[PDB]
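Reviewing the structure listed below.
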Amino acid sequence: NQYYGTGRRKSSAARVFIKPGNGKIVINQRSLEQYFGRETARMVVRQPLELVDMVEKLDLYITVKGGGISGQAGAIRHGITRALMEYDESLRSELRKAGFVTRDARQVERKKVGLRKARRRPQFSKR
Amino acid sequence: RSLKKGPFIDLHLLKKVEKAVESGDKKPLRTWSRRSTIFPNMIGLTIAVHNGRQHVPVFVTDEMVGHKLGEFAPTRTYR
Amino acid sequence: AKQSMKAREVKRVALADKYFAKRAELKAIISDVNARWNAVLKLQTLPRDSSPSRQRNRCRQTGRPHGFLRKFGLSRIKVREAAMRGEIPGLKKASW
Amino acid sequence: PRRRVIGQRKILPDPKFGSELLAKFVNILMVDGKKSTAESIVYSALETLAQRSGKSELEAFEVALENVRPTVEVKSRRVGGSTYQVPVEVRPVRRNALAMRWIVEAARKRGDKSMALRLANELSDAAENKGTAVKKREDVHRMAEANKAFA
Amino acid sequence: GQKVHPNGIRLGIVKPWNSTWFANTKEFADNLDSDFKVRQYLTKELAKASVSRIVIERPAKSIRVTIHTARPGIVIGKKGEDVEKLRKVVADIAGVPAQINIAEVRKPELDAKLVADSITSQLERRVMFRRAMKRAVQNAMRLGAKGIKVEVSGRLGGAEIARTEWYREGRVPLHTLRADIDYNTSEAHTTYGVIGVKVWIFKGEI
Amino acid sequence: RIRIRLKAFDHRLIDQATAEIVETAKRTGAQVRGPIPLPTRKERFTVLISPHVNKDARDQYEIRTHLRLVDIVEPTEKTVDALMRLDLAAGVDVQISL
RNA sequence: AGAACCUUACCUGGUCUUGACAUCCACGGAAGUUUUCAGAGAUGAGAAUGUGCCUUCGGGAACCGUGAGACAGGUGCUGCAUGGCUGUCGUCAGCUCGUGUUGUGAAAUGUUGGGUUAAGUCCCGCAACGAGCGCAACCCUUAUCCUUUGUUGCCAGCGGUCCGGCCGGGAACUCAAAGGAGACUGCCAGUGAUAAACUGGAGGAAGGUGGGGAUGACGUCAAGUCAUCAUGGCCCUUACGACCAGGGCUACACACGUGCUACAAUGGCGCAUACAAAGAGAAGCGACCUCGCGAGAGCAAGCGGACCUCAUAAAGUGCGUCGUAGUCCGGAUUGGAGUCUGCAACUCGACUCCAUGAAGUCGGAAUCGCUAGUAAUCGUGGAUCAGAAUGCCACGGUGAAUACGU
Ligand SMILES: [Mg+2]
Ligand SMILES: [Mg+2]
Ligand SMILES: [Mg+2]
Ligand SMILES: [Mg+2]
Ligand SMILES: [Mg+2]
Ligand SMILES: [Mg+2]
Ligand SMILES: [Mg+2]
Ligand SMILES: [Mg+2]
Ligand SMILES: [Mg+2]
């Protein structure tokens with residue numbers, strides 16, 4: 001049987017699977033380095049898998065849509081932590097300290113009337 | 001530049017141009033329309049363009065075919 | 001809002017079906033790169049107030065020529081007066 | 001900031017080396033909110049630093065930053081109609097914060113080619129001091145000692 | 001003064017509808033015209049009839065017009081004498097086969113438009129505004145209405161300057177969204193000046 | 001075949017209109033997959049709140065257009081009866097097309 | 001929420017006077033669809049056809065023309081007569097009334113205090129006891145899960161494969177939206193008059209009004225709008241009205257505000273390449289295809305819309321070029337030659353093509369905004385609209401610094 005976990009980050013929905021086989025990274029029928037992840041947010045996908053005994057532990061298939069570079073990257077970060085239901089509620093207690101299970105409630109602010117974008121009040125003449 | 005294919009003019013003013021050729025030129029005609037363009041047949045014919053007060057005597061010349069009638073009557077008076 | 005301008009508007013709108021719409025098929029297909037004769041362009045001595053995009057599109061109640069929405073068919077001031085009295089279905093205070 | 005004291009939120013560390021100090025450094029260098037183009041300049045400067053000086057990677061910029069740490073700073077009073085400057089001991093959180101700022105501001109005044117090179121030249125003359133940041137660090141210190149009166 | 005209009009703010013929360021009709025954006029502009037056009041003649045015909053409110057709707061190439069009233073006798077009359085004349089001209093203006101309903105509003109003091117029309121009609125009679133406003137107040141807690149208030153605006157007793165001088169009795173929660181607030185604005189046609197008549201009526205909690 | 005798409009503006013009106021069509025069909029007939037929720041189009045307008053001046057102060061408006069799809073898979077001659085003209089239309093538009 | 005005519009009021013001309021628009025009287029003519037001459041047009045003067053649903057014969061209801069008076073008309077005057085609606089102090093926490101008491105009385109008390117909060121929030125106390133407005137809550141949206149539903153959405157486990165969810169099929173899941181659960185200082189610890197509350201921790205996706213919006217008290221500035229409408233009074237009334245052409249609203253020795261694009265190597269230019277959301281669309285958005293360097297034109301499917309169309313989003317990233325200059329920085333201005341919308345682009349347009357390449361190399365005193373997905377930066381869409389956004393509204397991408405203090 002498969003092991004599922006959702007996660008998302010700023011309107012970027014992801015779908016993580018974990019299986020016991022080889023350590024190859026398949027994302028949207030493409031490799032990890034061939035998913036252009038060279039600069040910042042290079043290893044934020046493997047951020048929840050930092051403090052574990054790994055060597056070459058798991059298969060993974062991940063597919064993310066919506067947002068941009070870091071929006072899709074941070075969706076995989078939170079998506080894998082929900083996909084740890086193979087290891088169930090044991091290893092999450094240590095992962096509570098890191099705060100990767102925390103779904104970030106920060107979303108882009110709506111544009112407001114009489115403001116340039118959400119906060120910036122346009123300037124005025126002297127006093 | 002503008003008007004795409006074919007030089008757009010007014011109908012009523014074309015009859016005045018044909019009047020100046022067939023019946024012959026007499027005096028400068030007082031025309032309110034600035035929309036029409038100058039042609040080769042309009043060369044050597046006196047015309048007059050309205051511009052918010054009274055018709056200005058604009059003399060037509062060989063090289064004026066490239067521009068409109070409205071350019072030769074300045075609307076806004078200065079100084 | 002000056003009922004003579006609305007009388008001028010009712011005239012302007014009522015000429016759209018007669019002079020143009022039906023007989024405005026001329027200049028669309030006829031004036032094109034075909035086969036020229038300039039006699040088709042000499043049919044523009046028509047009254048001109050029939051023109052398809054001439055109207056300001058005034059508000060139907062008052063006759064204000066500003067803030068006219070195509071959806072409601074009313075000016076911005078009459079939108080608030082109407083909307084707060086209901087009348088437009090499924091309309092309420094927008095907040096998201 | 002009158003009643004409500006802040007929670008001092010923690011940024012994420014540098015993904016390559018693992019230094020939380022360099023995570024703040026890339027943010028000062030960052031302009032127009034472009035972190036991708038920011039780090040490309042920072043890493044290019046750090047590789048040229050350790051190669052030229054012939055020192056280790058992490059402690060090259062650290063010792064260079066340690067030299068540009070300000071000893072003390074002053075605060076404007078404005079109490080009884082006359083402006084008084086009172087010297088105060090800068091905290092370790094604010095010490096490196098102002099240090100990383102004055103490196104970028106000193107590098108901004110140079111007339112060199114790339115931002116990686118001109119910043120690396122500022123890091124190169126941090127250990128032995130001829131640069132603009134080492135001139136910028138000693139400004140309030142000349143005003144200090146005279147202002148020791150007010151305390 | 002600046003306030004949110006009580007009727008509009010309570011559309012999403014605790015009002016039924018002033019329009020239940022659906023229409024597409026193509027014919028919406030022309031359809032919304034006919035809904036205000038029919039009310040111009042209908043409010044004139046139901047001026048002396050003391051109409052509270054009417055609900056326009058058009059169920060698939062038709063028209064209903066659900067008419068409430070304080071006085072059901074004058075609206076209905078003997079059989080369909082006054083019913084047929086109203087239904088005829090609505091079909092002509094709308095351009096569709098029109099029906100008609102009937103509805104009796106018990107306790108006319110509870111409605112906003114009925115009390116607003118009651119106060120403003122007395123201004124042409126030339127009676128004292130202090131008494132005219134108080135006659136609406138005097139029967140508040142007797143039959144329904146847990147709270148109520150009335151406001152007049154400008155030209156108080158033929159004065160040279162414009163005063164307000166509002167009055168209130170009971171609980172009128174203006175910004176409580178769950179609270180049932182009935183409201184309607186009205187104006188006077190008096191030759192000494194224009195007096196606006198606003199009345200806020202609170203029925204219950206839910 | 002029996003593809004019927006609805007439209008309604010209110011936050012809860014069509015929910016009761018699309019309920020009655022289900023239990024009428026599936027009782028005498030069979031199948032009837034049920035009401036598809038469908039994406040809501042929201043036409044957001046903004047108009048000036050004051051009659052004169054006041055650029056900063058405005059009022060925002062919206063009209064939510066909620067769609068539903070019936071999808072009956074069983075065309076029987078019994079279930080087509082007692083479907084038409086027991087809808088009791090409360091201004092909800094109904095259309096019969098592919 | 002958009003002056004090329006129109007809009008449009010105002011100006012110089014040409015015109016009409018019971019009028020452009022509405023009621024009513026008398027009289028004639030169906031209305032209307034056809035054409036020609038003159039005029040810039042408003043318009044007069046002809047030749048055609050037509051003469052339709054009721055009518056003891058005086059006539060009708062639609063519309064046109066003529067004539068006479070009641071009138072119609074006014075974006076004209078007064079927001080120091082007004083309605084309606086709105087700015088701002090201010091989303092600041094205040095502002096008041098019943099009875100009672102105090103002072104001869106204006107008024108006070110309540111609502112003076114002691115803690116606490118975003119808050120007249122709550123506790124205790126009190127010569128006051130209560131009530132109401134406001135605040136908070138109820139609401140919309142957003143953070144999470146469950147139930148209900150599976151097309152046009154989605155593709156794990158299965159196979160058939162043109163390696164396209166494309167086609168059975170599977171309905172998990174993402175997305176989508178109806179109804180619910182959950183966050184209440186409640187569980188624990190400490191402090192505090194043992195009460196309110198505060199600090200900290202556990203659990204939890206979200207902890208102390210979660211984030212944001214709607215929601216703007218009593219009143220003030222005789223604040224703004226007689227020009228949206230409504231409306232008192234006043235005034236014009238063969239004119240300040242009405243119709244039409246052209247003009248102006250876009251002027252130019254100047255001053256100021258509000259924005260855009262810059263002065264560059266965190267960048268320019270060229271090739272290649274990856275990831276959005278919110279929309280709008282039938283008098284419309286316009287594939288695919290062909291032509292043109294291009295704006296666009298012709299031909300021309302599909303979809304009233306999770307399908308089809310605008311739509312190939314850009315920053316970013318991979319190589320190369322440029323190496324500090326008034327330059328491959330910047331685009332102004334001007335010339336030549338085009339497209340598009342429309343009766344119409346000259347006054348007075350958008351956009352494209354070739355060429356020209358002003359000023360400016362971080363801006364004096366002074367001044368403006370913002371405390372977290374915010375500042376800033378790079379793009380998209382909509383309303384307005386035939387056709388003109390750098391404005392406005394709406395949406396998303398990348399994404400900080402610093403808050404010791406009053
Ligand atoms: Mg009028
Ligand atoms: Mg127009
Ligand atoms: Mg004009
Ligand atoms: Mg004024
Ligand atoms: Mg007091
Ligand atoms: Mg209170
Ligand atoms: Mg509130
Ligand atoms: Mg005033
Ligand atoms: Mg250039």
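Ligands are numbered from 1 in the order shown, residues from 1 within each chain, and chains are lettered A, B, ... in the order they appear in the structure tokens.
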Exercise answer, chain C residues close to chain E, 6 Å and only C-alpha atoms, as a JSON list (two decimals) with C-alpha atoms, in the first residue's frame:
[["chain", "number", "residue", "atom", "x", "y", "z"],
["C", 71, "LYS", "CA", -23.53, 45.50, -16.62],
["C", 72, "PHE", "CA", -26.06, 47.50, -14.55],
["C", 73, "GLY", "CA", -26.66, 50.23, -17.19],
["C", 84, "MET", "CA", -28.18, 49.44, -0.83],
["C", 85, "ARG", "CA", -31.94, 49.17, -1.61],
["C", 86, "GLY", "CA", -31.33, 45.60, -3.00],
["C", 87, "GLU", "CA", -32.80, 45.23, -6.53],
["C", 89, "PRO", "CA", -29.75, 40.05, -7.28]]
Please find the residues contacting ligand 3 at a distance of at most 8 Å between atoms, with only C-alpha atoms (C1' of nucleotides) and all ligand atoms counted, and report them as number ranges by chain. G: 3, 7-8
Please produce an output containing N, CA, C and O atoms (P, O5', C5', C4', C3', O3' and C1' of nucleotides) for each residue in the selection, written as a PDB file, in the first residue's frame.
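Dumped everything to part_8.pdb:
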ATOM      1  P     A G   3     -14.039  61.373 -21.569  1.00  0.00           P
ATOM      2  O5'   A G   3     -13.609  62.753 -22.234  1.00  0.00           O
ATOM      3  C5'   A G   3     -12.788  62.803 -23.415  1.00  0.00           C
ATOM      4  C4'   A G   3     -13.030  64.108 -24.128  1.00  0.00           C
ATOM      5  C3'   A G   3     -12.344  64.287 -25.477  1.00  0.00           C
ATOM      6  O3'   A G   3     -13.065  63.606 -26.508  1.00  0.00           O
ATOM      7  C1'   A G   3     -12.123  66.261 -24.170  1.00  0.00           C
ATOM      8  P     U G   7     -23.311  66.413 -27.758  1.00  0.00           P
ATOM      9  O5'   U G   7     -22.464  65.707 -26.607  1.00  0.00           O
ATOM     10  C5'   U G   7     -22.919  64.503 -25.962  1.00  0.00           C
ATOM     11  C4'   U G   7     -21.821  63.896 -25.113  1.00  0.00           C
ATOM     12  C3'   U G   7     -21.323  64.734 -23.947  1.00  0.00           C
ATOM     13  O3'   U G   7     -22.220  64.705 -22.835  1.00  0.00           O
ATOM     14  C1'   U G   7     -19.476  63.787 -25.085  1.00  0.00           C
ATOM     15  P     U G   8     -22.301  65.945 -21.808  1.00  0.00           P
ATOM     16  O5'   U G   8     -22.124  67.220 -22.749  1.00  0.00           O
ATOM     17  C5'   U G   8     -22.643  68.512 -22.383  1.00  0.00           C
ATOM     18  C4'   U G   8     -21.873  69.602 -23.092  1.00  0.00           C
ATOM     19  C3'   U G   8     -21.903  69.559 -24.620  1.00  0.00           C
ATOM     20  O3'   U G   8     -22.018  70.855 -25.212  1.00  0.00           O
ATOM     21  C1'   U G   8     -19.664  69.483 -23.867  1.00  0.00           C
TER      22        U G   8
END
Residue neighbourhood segment 57-62 of chain F, 7 Å, only C-alpha atoms (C1' of nucleotides), exclusion window fewer than 3 positions, as a list in words
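Final neighbour list, sorted by chain and number: residues 113 of chain A; 91, 92, 93 and 94 of chain C; 42, 43, 44, 45, 46, 47, 48, 49 and 54 of chain F.
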Residues at most 12 Å from segment 351-357 of chain G, counting only C-alpha atoms (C1' of nucleotides), excluding those fewer than 2 positions away in the same chain, as a PyMOL selection string?
(chain B and resi 1) or (chain G and resi 292-296+326+330-341+349+359+387-388)
**Request:** Dump the neighbourhood of ligand 8 as a list in words: all residues within 8 Å, distances computed on only C-alpha atoms (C1' of nucleotides) and all ligand atoms.
**Result:**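 Final answer, ordered by chain and number: residues 79, 222, 223 and 224 of chain G.
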Inset, instruction - Would you kindly return, as a list in words, each protein, DNA or RNA residue with an atom no farther than 10 Å from any atom of segment 27-41 of chain A, considering only C-alpha atoms (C1' of nucleotides) and excluding same-chain residues fewer than 5 positions away? - result: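 Non-adjacent residues within range: residues 16, 46, 47, 60, 61, 62, 63, 64, 65, 69, 70, 71, 72, 73, 74 and 77 of chain A; 14, 15, 16, 35, 36, 37, 39 and 40 of chain D; 273, 274, 316, 317 and 318 of chain G.
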Item to complete: Please write out the residues within 7 Å of ligand 1 as a list in words, counting only C-alpha atoms (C1' of nucleotides) and all ligand atoms.
Response: residues 1, 2 and 3 of chain C
### Task
Report as a list in words which protein, DNA and RNA residues come within 10 Å of ligand 5, using only C-alpha atoms (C1' of nucleotides) and all ligand atoms.
residues 107, 108, 109, 110, 111 and 112 of chain G
Which polymer residues have any atom within 6 Å of an atom of residue 39 of chain B, counting only C-alpha atoms (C1' of nucleotides), with same-chain residues fewer than 2 positions away left out, as a CSV table (one decimal) with C-alpha atoms, in the first residue's frame?
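Generated output (around06.csv):
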chain,number,residue,atom,x,y,z
B,41,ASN,CA,-6.6,69.5,-59.3
B,42,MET,CA,-6.8,72.0,-56.4
B,65,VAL,CA,-0.9,67.9,-51.7
(message) What does the list of residues within 12 Å of ligand 4 look like if you count only C-alpha atoms (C1' of nucleotides) and all ligand atoms, written as a PyMOL selection string?
(response) (chain F and resi 52-53) or (chain G and resi 78-80+223-227)
Students should find that atom CA of residue 20 of chain F and atom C1' of residue 149 of chain G are spaced 15.3 Å
Margin query: Based on the backbone DSSP call, show me all residues of segment 69-157 of chain E assigned helix (DSSP H, G or I), as a ChimeraX atom specification.
Written below: /E:72-76,81-94,108-110,112-125,129-137
Which chain G residues are at most 6 Å from chain A (counting only C-alpha atoms (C1' of nucleotides)), as an MDAnalysis selection string? chainID G and resid 143 205 275:276 368:369 373 397
- Message: I need the residues in chain D that are strand (DSSP E) according to DSSP; give them as a PyMOL selection string.
- Response: chain D and resi 72-76+85-89
Save out the residues we just selected, N, CA, C and O atoms, as a PDB file, in the first residue's frame.
ATOM      1  N   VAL D  72      31.902  51.289  20.172  1.00  0.00           N
ATOM      2  CA  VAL D  72      30.751  52.013  20.739  1.00  0.00           C
ATOM      3  C   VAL D  72      30.083  52.921  19.699  1.00  0.00           C
ATOM      4  O   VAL D  72      30.680  53.248  18.668  1.00  0.00           O
ATOM      5  N   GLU D  73      28.841  53.309  19.992  1.00  0.00           N
ATOM      6  CA  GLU D  73      28.072  54.272  19.188  1.00  0.00           C
ATOM      7  C   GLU D  73      27.366  55.283  20.095  1.00  0.00           C
ATOM      8  O   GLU D  73      27.292  55.077  21.310  1.00  0.00           O
ATOM      9  N   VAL D  74      26.834  56.349  19.491  1.00  0.00           N
ATOM     10  CA  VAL D  74      26.145  57.435  20.223  1.00  0.00           C
ATOM     11  C   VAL D  74      24.669  57.545  19.828  1.00  0.00           C
ATOM     12  O   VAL D  74      24.281  57.141  18.727  1.00  0.00           O
ATOM     13  N   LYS D  75      23.870  58.100  20.741  1.00  0.00           N
ATOM     14  CA  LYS D  75      22.425  58.288  20.563  1.00  0.00           C
ATOM     15  C   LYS D  75      22.068  59.759  20.793  1.00  0.00           C
ATOM     16  O   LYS D  75      22.527  60.367  21.766  1.00  0.00           O
ATOM     17  N   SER D  76      21.244  60.317  19.903  1.00  0.00           N
ATOM     18  CA  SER D  76      20.806  61.715  19.993  1.00  0.00           C
ATOM     19  C   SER D  76      19.720  61.861  21.057  1.00  0.00           C
ATOM     20  O   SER D  76      18.702  61.165  20.997  1.00  0.00           O
ATOM     21  N   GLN D  85      24.939  64.037  22.598  1.00  0.00           N
ATOM     22  CA  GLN D  85      25.313  62.699  22.132  1.00  0.00           C
ATOM     23  C   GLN D  85      25.831  61.921  23.341  1.00  0.00           C
ATOM     24  O   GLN D  85      26.779  62.363  23.992  1.00  0.00           O
ATOM     25  N   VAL D  86      25.200  60.780  23.638  1.00  0.00           N
ATOM     26  CA  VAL D  86      25.545  59.936  24.791  1.00  0.00           C
ATOM     27  C   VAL D  86      26.069  58.589  24.269  1.00  0.00           C
ATOM     28  O   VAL D  86      25.317  57.872  23.604  1.00  0.00           O
ATOM     29  N   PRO D  87      27.348  58.241  24.567  1.00  0.00           N
ATOM     30  CA  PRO D  87      27.888  56.962  24.091  1.00  0.00           C
ATOM     31  C   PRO D  87      27.317  55.759  24.849  1.00  0.00           C
ATOM     32  O   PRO D  87      27.125  55.834  26.068  1.00  0.00           O
ATOM     33  N   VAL D  88      27.057  54.674  24.118  1.00  0.00           N
ATOM     34  CA  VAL D  88      26.438  53.457  24.663  1.00  0.00           C
ATOM     35  C   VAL D  88      27.091  52.209  24.054  1.00  0.00           C
ATOM     36  O   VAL D  88      27.505  52.223  22.889  1.00  0.00           O
ATOM     37  N   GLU D  89      27.171  51.139  24.848  1.00  0.00           N
ATOM     38  CA  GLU D  89      27.818  49.890  24.432  1.00  0.00           C
ATOM     39  C   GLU D  89      26.895  49.117  23.486  1.00  0.00           C
ATOM     40  O   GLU D  89      25.815  48.682  23.895  1.00  0.00           O
TER      41      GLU D  89
END
- Message: Could you list the protein, DNA and RNA residues that have any atom within 8 Å of ligand 6, counting only C-alpha atoms (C1' of nucleotides) and all ligand atoms, and write them as a list in words?
- Response: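 Written in the requested form, the residues are residues 120, 121 and 135 of chain G.
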For the residues selected in the previous step, produce a file with C-alpha atoms (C1' of nucleotides) as a PDB file, in the first residue's frame.
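Written file, out24.pdb:
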ATOM      1  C1'   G G 120     -15.798  52.968  29.090  1.00  0.00           C
ATOM      2  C1'   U G 121     -12.320  45.214  27.652  1.00  0.00           C
ATOM      3  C1'   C G 135     -16.217  48.519  21.125  1.00  0.00           C
TER       4        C G 135
END
**Asked** For chain E, which residues have at least one atom within 6 Å of chain G, if we go by only C-alpha atoms (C1' of nucleotides)? Write them as a ChimeraX atom specification, please.
**Response** /E:178,193-194,196
*asked:* Quick one: residues within 12 Å of residue 50 of chain E, only C-alpha atoms (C1' of nucleotides), excluding same-chain residues fewer than 6 positions away - as a ChimeraX atom specification?
replied: /E:42-44,67-75,104-105,108-109,111-118,121
Expected file contents, prior selection, N, CA, C and O atoms, as a CSV table (one decimal), in the first residue's frame:
chain,number,residue,atom,x,y,z
E,42,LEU,N,-46.2,52.1,-10.4
E,42,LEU,CA,-46.9,51.3,-9.3
E,42,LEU,C,-46.9,52.1,-8.0
E,42,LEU,O,-47.9,52.0,-7.3
E,43,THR,N,-45.8,52.7,-7.6
E,43,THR,CA,-45.7,53.6,-6.4
E,43,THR,C,-46.6,54.8,-6.4
E,43,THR,O,-47.2,55.2,-5.4
E,44,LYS,N,-46.8,55.4,-7.6
E,44,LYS,CA,-47.8,56.4,-7.9
E,44,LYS,C,-49.2,56.0,-7.7
E,44,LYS,O,-50.0,56.6,-7.0
E,67,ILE,N,-46.8,41.7,-4.4
E,67,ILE,CA,-47.2,43.0,-3.8
E,67,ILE,C,-47.7,42.9,-2.4
E,67,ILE,O,-48.8,42.3,-2.2
E,68,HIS,N,-46.9,43.3,-1.4
E,68,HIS,CA,-47.3,43.5,-0.1
E,68,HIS,C,-48.0,44.9,0.1
E,68,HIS,O,-47.9,45.8,-0.7
E,69,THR,N,-48.8,45.0,1.2
E,69,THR,CA,-49.5,46.3,1.5
E,69,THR,C,-50.0,46.3,3.0
E,69,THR,O,-50.2,45.3,3.6
E,70,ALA,N,-50.1,47.6,3.5
E,70,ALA,CA,-50.8,47.8,4.8
E,70,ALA,C,-52.3,47.7,4.6
E,70,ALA,O,-52.9,47.1,5.5
E,71,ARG,N,-52.8,48.2,3.5
E,71,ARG,CA,-54.3,48.2,3.2
E,71,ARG,C,-54.6,47.2,2.1
E,71,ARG,O,-54.4,47.5,0.9
E,72,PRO,N,-55.0,45.9,2.4
E,72,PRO,CA,-55.3,45.0,1.3
E,72,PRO,C,-56.7,45.2,0.6
E,72,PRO,O,-56.9,44.7,-0.5
E,73,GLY,N,-57.6,46.0,1.3
E,73,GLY,CA,-58.9,46.3,0.7
E,73,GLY,C,-58.9,47.2,-0.5
E,73,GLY,O,-59.5,46.9,-1.5
E,74,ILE,N,-58.1,48.3,-0.4
E,74,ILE,CA,-58.0,49.3,-1.5
E,74,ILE,C,-57.2,48.7,-2.7
E,74,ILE,O,-57.4,49.1,-3.8
E,75,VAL,N,-56.2,47.8,-2.5
E,75,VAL,CA,-55.4,47.2,-3.5
E,75,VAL,C,-56.2,46.2,-4.3
E,75,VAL,O,-56.3,46.2,-5.5
E,104,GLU,N,-51.0,40.5,2.8
E,104,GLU,CA,-51.4,41.4,3.9
E,104,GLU,C,-50.4,41.4,4.9
E,104,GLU,O,-50.0,40.4,5.6
E,105,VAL,N,-49.8,42.6,5.1
E,105,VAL,CA,-48.8,42.9,6.2
E,105,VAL,C,-49.5,43.3,7.5
E,105,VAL,O,-50.0,44.5,7.6
E,108,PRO,N,-48.8,47.4,10.7
E,108,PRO,CA,-48.1,48.3,9.8
E,108,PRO,C,-47.1,49.2,10.4
E,108,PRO,O,-46.2,49.7,9.7
E,109,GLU,N,-47.2,49.4,11.7
E,109,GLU,CA,-46.1,50.1,12.5
E,109,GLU,C,-44.7,49.5,12.5
E,109,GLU,O,-43.7,50.1,12.6
E,111,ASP,N,-43.2,48.0,9.8
E,111,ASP,CA,-42.5,48.3,8.6
E,111,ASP,C,-41.9,49.7,8.6
E,111,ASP,O,-42.5,50.6,9.2
E,112,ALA,N,-40.7,49.9,7.9
E,112,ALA,CA,-40.0,51.1,7.9
E,112,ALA,C,-40.7,52.1,6.9
E,112,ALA,O,-40.9,53.3,7.2
E,113,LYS,N,-40.9,51.6,5.7
E,113,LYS,CA,-41.6,52.4,4.6
E,113,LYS,C,-43.0,53.0,5.0
E,113,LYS,O,-43.3,54.1,4.6
E,114,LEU,N,-43.7,52.1,5.7
E,114,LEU,CA,-45.1,52.5,6.1
E,114,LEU,C,-45.1,53.7,7.2
E,114,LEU,O,-45.8,54.6,7.1
E,115,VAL,N,-44.2,53.5,8.2
E,115,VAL,CA,-44.0,54.6,9.2
E,115,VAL,C,-43.3,55.8,8.6
E,115,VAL,O,-43.6,57.0,9.0
E,116,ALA,N,-42.3,55.6,7.7
E,116,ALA,CA,-41.7,56.7,7.0
E,116,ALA,C,-42.7,57.5,6.1
E,116,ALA,O,-42.6,58.8,6.1
E,117,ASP,N,-43.5,56.8,5.4
E,117,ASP,CA,-44.6,57.4,4.6
E,117,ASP,C,-45.7,58.1,5.5
E,117,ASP,O,-46.3,59.1,5.1
E,118,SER,N,-46.0,57.5,6.7
E,118,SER,CA,-46.9,58.1,7.7
E,118,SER,C,-46.5,59.4,8.2
E,118,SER,O,-47.3,60.3,8.4
E,121,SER,N,-46.1,62.2,5.2
E,121,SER,CA,-47.4,62.6,4.7
E,121,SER,C,-48.1,63.7,5.6
E,121,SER,O,-48.8,64.6,5.1
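Going from atom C1' of residue 378 of chain G to atom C1' of residue 266 of chain G covers 13.7 Å.
Restricting the calculation to only C-alpha atoms, the smallest distance between chain D and any of A:75, A:80, A:44, A:91 is found for A:44.
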